[PDB]
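In each ligand, atom 1 is the first atom listed, and ligand 1 is the first ligand listed. Residues take their numbers from the sequence shown, with the count starting at 1. No hydrogens, no waters, no symmetry mates; every other heavy atom, side chains included, goes into these values.
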Amino acid sequence: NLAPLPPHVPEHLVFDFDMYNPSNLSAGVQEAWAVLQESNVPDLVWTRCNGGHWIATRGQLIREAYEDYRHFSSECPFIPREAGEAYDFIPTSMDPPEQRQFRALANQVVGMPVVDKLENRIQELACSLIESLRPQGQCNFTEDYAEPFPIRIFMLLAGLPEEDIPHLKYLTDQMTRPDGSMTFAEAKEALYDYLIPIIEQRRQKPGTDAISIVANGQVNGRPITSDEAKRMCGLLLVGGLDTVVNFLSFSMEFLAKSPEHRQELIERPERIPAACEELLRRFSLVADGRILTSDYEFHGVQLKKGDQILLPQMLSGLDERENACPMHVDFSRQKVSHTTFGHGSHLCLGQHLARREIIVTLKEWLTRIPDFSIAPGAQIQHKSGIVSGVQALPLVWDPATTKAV
Ligand code: HEM
Ligand SMILES: CCCCCC[C@@](O)(Cn1ccnc1)c1ccc(Cl)cc1Cl
């Protein structure tokens, strides 16, 4: 289902990529996207899928676009347009200078100092979850660890009941990897119906949770409104529920297939941080975009006001001009170049938390379960969207090769 080509698009720039269902999805999600970086593909293409939109394919262009908020606005950051239209999360749907105030607040909640405070709990939950799995010689990593781990940490931070997980997770999944079961706005609404009462409650009787801090915060000398808190909290929710969860699965799928990479980390633990960055490059998973604010000629292509452009954060690090042998995992790369956490003014606030969660998982998993693999005859399915994911991750191991701590 392709849309008719707008008058301003040269037919030689057409490349029909479906960000929701790329063609060689079988090969893996990062591999499916990397088709865009083949020699036959121009740096900047137009796809007729998902209503028609530009896609920058090279790291240089993605970064430039990301820096350029004047021309590339966050007002409508998701494709298809109706999704980008319906989304009003803060600070994501704002451009500087306005963004800055909201950012400053969200930072209060997720930032470095918070992670530092939460460190022991992160370590505590990881150890507990792993130890619980160890003796079984088999899990569903996606349901068994990748979900509970990051989610429970978020739930704790946000001061929300664990019981709400299944419902929230569903709504979140609808936003990034739409199923066809709702509509973006419907999804957004359901999430907001959830949040409203909680916010009201935390305005009246504040706590120490993230929601309380956002609900009662200051923005540009005055108090945040109820609508604004709702909108910030909505973003925090998607970030907490849908990001780290998918990343861990890609990473774990790779480790399960590469004994030598596992060993490397076991013997030379000083490499973990470095390996964390490398995996963030190779298994990058986010793709969003921007909206043209005016007619603008970018790298010789004419962009028209209102055109949307996908600037796949995923792609920068997979770009050969950025990293030699992109698809190869090397923990000793001299320079790991990625924009996994974004670029420009919208740099991920939650990066510190995400990194802490990754490093803890690697260290702790390898400590206890040094030797594992994918279950025989299991076919791993990746899913594409705004955030890409792994459907399920059947792992097996010999309990006798594990180590209790
Ligand atoms: C592996 C994990 C994650 C990845 C790859 C990731 C990626 C990104 C990307 C690419 C952006 C910028 C989007 C844009 O420019 O439109 C973003 C922004 C953001 N992320 Fe994340 N994120 C992750 C985890 C988290 C977590 C755990 C949270 C916290 C709950 C979080 C909170 C945020 C916020 C608040 C922003 C908006 C910053 C702003 O607009 O100023 N993220 N993230
Ligand atoms: C229709 C869009 C579906 C919801 C987007 C999810 C997320 O907000 C959360 N998140 C992600 C990272 N941190 C929080 C995101 C994903 C990718 C990008 Cl590029 C930006 C944003 Cl805001």
Give the residue, atom name and distance (to 0.1 Å) of the protein heavy atom nearest [atom].
| atom | result |
| --- | --- |
| atom 11 (C) of ligand 2 | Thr243 CG2, 3.6 Å |
| atom 13 (N) of ligand 2 | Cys348 SG, 3.9 Å |
| atom 4 (C) of ligand 2 | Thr176 CG2, 3.7 Å |
| atom 14 (C) of ligand 2 | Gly239 CA, 3.6 Å |
| atom 15 (C) of ligand 2 | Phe78 CZ, 4.1 Å |
| atom 3 (C) of ligand 2 | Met175 O, 3.0 Å |
| atom 17 (C) of ligand 2 | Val286 CG1, 3.1 Å |
| atom 7 (C) of ligand 2 | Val238 CG1, 4.0 Å |

Please work out whether any backbone atom (N, CA, C, O) or any side-chain heavy atom from C-beta onward of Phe184 is under 4.0 Å from ligand 2, and answer side chain, backbone, both or neither. neither
Ligand 2-proximal atoms of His346, by part, heavy-atom distance under 4.0 Å: neither
Between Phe149 and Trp365, is the ring centroid distance below 6.0 Å? no
Number the atoms of ligand 2 from 1 as they appear, then name those within less than 4.0 Å of a heavy atom of [X], with their elements.
| X | value |
| --- | --- |
| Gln313 | 19 (Cl) |
| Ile386 | 1 (C), 2 (C), 3 (C), 16 (C), 17 (C) |
| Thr92 | 22 (Cl) |

Just wondering, do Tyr194 and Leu160 contact through their side chains at under 4.5 Å, heavy atoms? yes
Angle class for the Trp54/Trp46 ring planes (parallel below 30°, perpendicular above 60°, tilted otherwise)? perpendicular
Evaluate the ring planes of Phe78 and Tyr87, with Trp represented by its six-membered ring, and classify them as parallel (under 30°), tilted (30 to 60°) or perpendicular (over 60°). tilted
Would you call [X]-[Y] a salt bridge at under 4.0 Å N-O?
| X | Y | answer |
| --- | --- | --- |
| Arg271 | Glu277 | no |
| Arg134 | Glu131 | yes |
| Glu228 | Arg231 | no |
| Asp43 | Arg321 | yes |
| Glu364 | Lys403 | no |

Any side-chain donor near an acceptor of the partner, [X] and [Y], under 3.5 Å:
| X | Y | answer |
| --- | --- | --- |
| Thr176 | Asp242 | yes |
| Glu119 | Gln123 | no |
| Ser74 | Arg290 | yes |

Tabulation required: pairs of a nitrogen or oxygen in ligand 1 and a protein nitrogen or oxygen under 3.5 Å; columns are atom names and distance to 0.1 Å; otherwise 'none'.
from, atom 1, to, atom 2, distance (Å)
ligand 1, 15 (O), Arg290, NH2, 2.9
ligand 1, 16 (O), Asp288, OD1, 3.3
ligand 1, 16 (O), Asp288, OD2, 2.6
ligand 1, 16 (O), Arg290, NH1, 3.1
ligand 1, 40 (O), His346, ND1, 2.5
ligand 1, 41 (O), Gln99, OE1, 3.0
ligand 1, 41 (O), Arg103, NH1, 2.6

Distance under 6.0 Å and angle within 45° of ring axis: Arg262 vs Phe372: yes
If hydrogens are left out, which of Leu349, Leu310, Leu235, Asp288 has an atom nearest to atom 19 (Cl) of ligand 2, that is, the closest non-hydrogen atom? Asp288
